[PDB]
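Q: build me a structure from this.
(chains A, B, C and D)
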Amino acid sequence: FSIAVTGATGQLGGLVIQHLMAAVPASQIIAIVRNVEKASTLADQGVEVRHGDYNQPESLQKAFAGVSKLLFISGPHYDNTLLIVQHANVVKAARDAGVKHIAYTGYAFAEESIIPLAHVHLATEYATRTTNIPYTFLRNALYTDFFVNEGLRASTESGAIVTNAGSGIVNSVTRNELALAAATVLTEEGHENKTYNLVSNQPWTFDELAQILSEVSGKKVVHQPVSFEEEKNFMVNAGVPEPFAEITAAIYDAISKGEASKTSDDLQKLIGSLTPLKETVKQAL
Amino acid sequence: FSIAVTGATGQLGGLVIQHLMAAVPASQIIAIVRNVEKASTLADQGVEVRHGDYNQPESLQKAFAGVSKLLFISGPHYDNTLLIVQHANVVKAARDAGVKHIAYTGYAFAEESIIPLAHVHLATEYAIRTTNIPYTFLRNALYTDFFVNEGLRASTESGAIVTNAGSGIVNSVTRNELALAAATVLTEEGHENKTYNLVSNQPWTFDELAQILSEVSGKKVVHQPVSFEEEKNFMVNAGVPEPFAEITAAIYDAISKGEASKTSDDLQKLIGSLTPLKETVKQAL
Amino acid sequence: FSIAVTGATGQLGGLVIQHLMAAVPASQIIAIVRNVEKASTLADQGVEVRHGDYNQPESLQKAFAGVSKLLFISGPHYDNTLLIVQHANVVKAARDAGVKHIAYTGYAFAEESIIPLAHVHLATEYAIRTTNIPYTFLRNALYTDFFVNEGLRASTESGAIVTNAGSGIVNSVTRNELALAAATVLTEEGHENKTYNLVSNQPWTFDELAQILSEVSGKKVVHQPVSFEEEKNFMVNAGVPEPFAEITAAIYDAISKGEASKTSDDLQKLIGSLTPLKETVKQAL
Amino acid sequence: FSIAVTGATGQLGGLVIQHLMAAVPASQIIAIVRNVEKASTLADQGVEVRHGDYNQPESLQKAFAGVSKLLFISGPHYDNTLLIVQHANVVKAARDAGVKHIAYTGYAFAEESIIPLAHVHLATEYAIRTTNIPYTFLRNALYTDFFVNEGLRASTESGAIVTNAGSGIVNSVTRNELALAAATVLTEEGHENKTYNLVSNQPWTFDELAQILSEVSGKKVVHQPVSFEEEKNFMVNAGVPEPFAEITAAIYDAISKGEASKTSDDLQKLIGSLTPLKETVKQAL
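A: Numbers count the residues shown, from 1 in each chain, chains lettered A, B, ... in the order given. For reference, the structure is listed below:
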């Protein structure tokens, strides 16, 4: 037997393996990585480490060989068309190695989405289907870790959380809750050919965040929403690179449209109760 | 200015170019092909031939350089998962080359389909959506030529068309007509970002095919619905390849389940009058 | 007589050409780049720009034709093993073209190093040795500009420089200084068959950096050493893309282990007095 | 499971394979060769034969597919810079194919050597280090048969062995014994990440070779040591093309400087006692 995790030294990937070794011996987990030495700490724990590179098809056969269950995590690249080619090659290699279950990290409510990245994941889910391998589509929400972290200290002393998200509702969940979801699916039965939209059923807004921030800190914080340009400017003024700031402005702009505003019980049915936003604020200070 | 056609030595591609020449000078037509000598007959008519193979990304970069409009004819291979890699290569190369308009031969009513190939077409559509290049999804019906061909001669004096298509309905159109649709779209305004389900609004049954056979030919020909392993017999036990005989038997089976039973006016609004079934039966004899 | 520079649009390469232009007529400098159209401003000023791609032996035969002295700037790729293949191609093309002197940007104190990238540079240095072409191994330190850049405003504002570098010593020097060294070696005599460890003889630590950033800015800034995992999580979470956060953390991890802690006089002897840390910080602001 | 041997058609690799057959079933041995039909004799023995060509990356991907242990025998060419390219391709295909263990035939005490080939081997060792595959560096001595061969008839006839090796001591080893070492390392545990300097612990001089040649031939033979330039002239006059004359003269010159004068017990500990020089002389004639 054998469970493989791509993106293993990535943030989601790493957590899946940590959660995985609660349920299975490390000798049953395979970490697939493009620079093996940077996974040395996982090799130390007995997890087998393999070289795999979405960008080099010639690398994948040996990465997937003999594996029963594959956690296929989408590539971090932001060239969407490129992502298609990469994923398509991952899927073909998984097919040829004779993998028995593919779990894929896609996008929640992708059929309704207003963003080209949704089409990447949709294309990939269809790619996985041609394969005939039993599948699980793990359509992860945005990470809460992204908005709830160190950086909110600035907002504490500034008095403001600045975004371009307007009154947008956010269905985000912690990276850790999503990782546990993945790990659960890989280690118990009944998830074959299932599509899960893994989001919060207790959504929030940035006025809420400002408000919870005020309570758990002590200083008042308001949410000052602004334009796409003004927010890209805000972060630039404070040392964040322009491409990185396009991304963050991208995420917020999407939020303001309804992109993170649909909910589901899928994740809660899977992992039990979610971590409240307030507790996640505390586990950040 | 230039219009390119992949698959240009195959039956559909070949017919598209013929229609295209009725509308625009040959110097405006680029034929893209796996074998460049096996198309000299196209070069004689003054049509620019270029080499392009879907397994070779670099071949496609060069093949697509400078094209305004691309007719991306779907790949013929039997390995669906391969086809996804190929199609993703083609899509990336068109994006890279700055193609201004992309038309793709997909599959009619693909979302409701029970045929694996449909997942290929859907993945490819999503990959195309990804590039933001104006697109026309030419969702082609099954070919009428597939059922109405040389092999009806062999049914005639025998006295029976033998299929496992049960009593299912068929909305097939000829390659010629679909080629006209393709050529028509490349050739006039107003087809950008459109999805057309290109089928017949005069469907027919296999029992009806028999009647039309008798009507035109010598004697009594009947339909003879069989099992679908029983069909492999009247095929594999008569000198036919075992993957190919499977392909056909799984089409009939889909047909017996209503795969080809739904219709649309899209094609007729695009090209006008459709070719009566009886016409095509004569023509294939 | 020709001096060619690879990576001439990259940051080191560009500055080398600036310096070469101060010492020789433009008609004697050749720029080698992946994208010649983007380097057109060099051509406007009279610098021949030639296409060179390390994966492409044929591209390099033409880039290197008739060149007297070559500055071979090492590849940016992340695949160390591909990097050896690429560098081997460069070397063999330089040999075949009868290049009369090769300068190569390697890695200081590589024999002592604990980082796979060091093996690439040593392999490359041996490859060059095989050609018998007189050589100069310009073994460059990490760039000061990687740590001291306007990105430090983030730390000014937040009151902390967060690294996983611990109290590791940093022997970095500026890009400009290395570029100057490269240009000096190509335009004067007495550097043939020499190896130079081009690092600082006045190294610093992040605690020092934090103290200088204090004095310069006005605000209080401390250094905050965290774990490898903590740093990755900190950046990924602050908008930094995961492959790039991985690079920064690895660099930091190396520094903490003494990877940048050895010093030398080589650079100072080549170019004169070095720029103080204080000055680059003022400069970054 | 499997062990593959490159250069499987050369002398060293052919020897290795004969040895490996004393140890494993023939089905377990893959012979990788430039010309498959030219290796029918091996096929006959039950050894799997695969096409592999150091100049063709694609061949090596397919050749190394699924192999556990690879013995990578260095290229026989005398163009050192080409060797680097060829070697780098082998290293990358091995890396890509996930070979589990790579043994490489380098050159004993390479870092101390003054002869050109040593740089090739050094470069290859570094390339292999970058792949992170468990390795064995089989650093071979000069081959005994480079000096002790059929060409020694010239010296019996002439009365003299003419070299420019002066009084240099020689630690060379027969190819057969180096092949047995390789076979041993590949069929037993404990050689992962090891470097062996595989030389003789019973070295010899040319004066001695001369005296053994007199015992065996019954005719008086003396060593006549001469200068570098005289050896080149001697050989060219014997018909040896000048490029191979350089190579030979440079080997002897190096011997006269102590290059083959250090010994190690690595080989003896690996295979037992060595073949006496006298036996090799009798066998050569």
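
Q: quick one: the helix or strand where residue A:253 lies near chain B?
A: Under the assignment given by DSSP states H and E, the secondary-structure element containing residue A:253 is helix A:242-255. No - where contact is defined by CB under 8 Å from any CB of the partner chain, no part of helix A:242-255 touches chain B; the two come within 15.3 Å at best. Any C-beta I mention is one placed from the backbone N, CA and C, and that applies to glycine too.

Q: send the alpha carbons of that helix over as PDB?
A: As requested, C-alpha coordinates have been extracted for helix A:242-255 and formatted as PDB (Å, rounded to 0.1, in the frame of the first residue of the first chain):
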ATOM      1  CA  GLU A 242       3.800  44.800  -7.500                       C
ATOM      2  CA  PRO A 243       3.100  41.200  -8.800                       C
ATOM      3  CA  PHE A 244       2.400  40.000  -5.200                       C
ATOM      4  CA  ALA A 245       0.100  43.000  -4.700                       C
ATOM      5  CA  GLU A 246      -1.800  42.400  -8.000                       C
ATOM      6  CA  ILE A 247      -2.500  38.900  -6.500                       C
ATOM      7  CA  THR A 248      -3.700  40.200  -3.200                       C
ATOM      8  CA  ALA A 249      -5.800  42.900  -4.900                       C
ATOM      9  CA  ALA A 250      -7.100  40.200  -7.200                       C
ATOM     10  CA  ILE A 251      -8.300  38.000  -4.300                       C
ATOM     11  CA  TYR A 252     -10.100  41.000  -2.600                       C
ATOM     12  CA  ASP A 253     -11.700  42.300  -5.800                       C
ATOM     13  CA  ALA A 254     -13.100  38.700  -6.300                       C
ATOM     14  CA  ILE A 255     -14.300  38.600  -2.700                       C
END
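
Q: for chain A, just list every one of the strands.
A: Secondary structure of chain A, counting by DSSP state E: strands at A:3-6, A:29-33, A:48-51, A:69-72, A:101-107, A:135-140, A:160-163, A:194-198, A:222-225.

Q: for the stretch 101-250 of chain A, what lies in contact range of chain C?
A: Residues of the stretch 101-250 of chain A lying near chain C by CB under 8 Å from any CB: A:145-146, A:149-151, A:153-154, A:235, A:237-241, A:244-245, A:247-248.

Q: among the strands of chain A, which is nearest residue D:28?
A: Relative to residue D:28, the nearest member of the strands of chain A by CB to CB is strand A:48-51, separated by 23.1 Å.

Q: now the helices: where do they sit in the stretch 151-285 of chain A?
A: Using DSSP state H, counting those that start in this stretch, the helices found in the stretch 151-285 of chain A span residues A:152-158, A:175-186, A:206-217, A:228-237, A:242-255, A:266-271, A:277-282.

Q: out of these, which is the most enclosed?
A: For these, the stretch with the most neighbours on average is helix A:175-186, a mean of 23; neighbours defined as mean count of other CB atoms under 10 Å in any protein chain shown.

Q: residue A:234 contacts residue A:162, doesn't it?
A: Yes - counting by CB atoms under 8 Å, residue A:234 sits close enough to residue A:162 to count as a contact (5.3 Å).

Q: what about the residue of the stretch 101-250 of chain A found nearest chain C, distance to residue C:195?
A: When distances are taken as CB to the nearest CB, the stretch 101-250 of chain A reaches nearest to chain C at residue A:239, 3.4 Å away. According to CB to CB, to the nearest Å, residue A:239 stands 38 Å off from residue C:195.

Q: and the closest residue to residue A:133 other than its chain neighbours, what does it touch?
A: For residue A:133, ignoring the flanking residues on the chain, the nearest one in space by CB to CB, 6 or more residues apart in numbering or on different chains is residue A:102 at 5.1 Å. Residues in contact with residue A:102 (CB atoms under 8 Å, 6 or more residues apart in numbering or on different chains) are A:70, A:72, A:91, A:94, A:128, A:131, A:133-136.

Q: can you tell me how far residue A:102 sits from residue B:114?
A: Taken as CB to CB, the span from residue A:102 to residue B:114 is 21 Å.

Q: do residue A:131 as well
A: With the distance defined as CB to CB, residue A:131 ends up 17 Å from residue B:114.

Q: who has more neighbours out of those two?
A: When residue A:131 is set against residue B:114 and neighbours are counted by other CB atoms under 10 Å in any protein chain shown, the residue ahead is residue A:131, at 20 against 11.

Q: how about the more buried one: what's its closest non-neighbour residue?
A: Among residues not flanking residue A:131 along the chain, residue A:95 sits closest, at 4.6 Å (CB to CB, 6+ apart).

Q: the residue of the stretch 101-250 of chain A closest to chain C against residue C:152, yeah?
A: Yes - the pair residue A:239 / residue C:152 is scored as a contact, 6.7 Å apart, by CB under 8 Å.

Q: re the thing from before, out of the strands of chain A, which is closest to residue C:2?
A: With CB to CB, the closest approach to residue C:2 among the strands of chain A belongs to strand A:48-51: 40.0 Å.

Q: name the residues of the closest one that are buried.
A: Neighbour-count burial for strand A:48-51, with 16 or more other CB atoms under 10 Å in any protein chain shown as criterion, is recorded at A:49-51.

Q: that strand near chain D at all?
A: Yes - in this structure, strand A:48-51 sits against chain D according to CB under 8 Å from any CB; the contacting residues are A:50-51.

Q: run the chain-centre distance for that strand.
A: Taking CA atoms, centre = their mean, to the nearest Å, the mean C-alpha location of strand A:48-51 is offset from the chain mean by 22 Å.

Q: packing partners for it?
A: In terms of contacts (3 or more CB pairs under 8 Å, 6 or more residues apart in numbering or on different chains; DSSP states H and E), strand A:48-51 is packed against strand A:29-33, helix A:40-44, helix A:60-64.

Q: buried deepest among those, which one?
A: Relative to the other members of the helices and strands packed on strand A:48-51, strand A:29-33 carries the highest mean neighbour count by mean count of other CB under 10 Å, namely a mean of 26.
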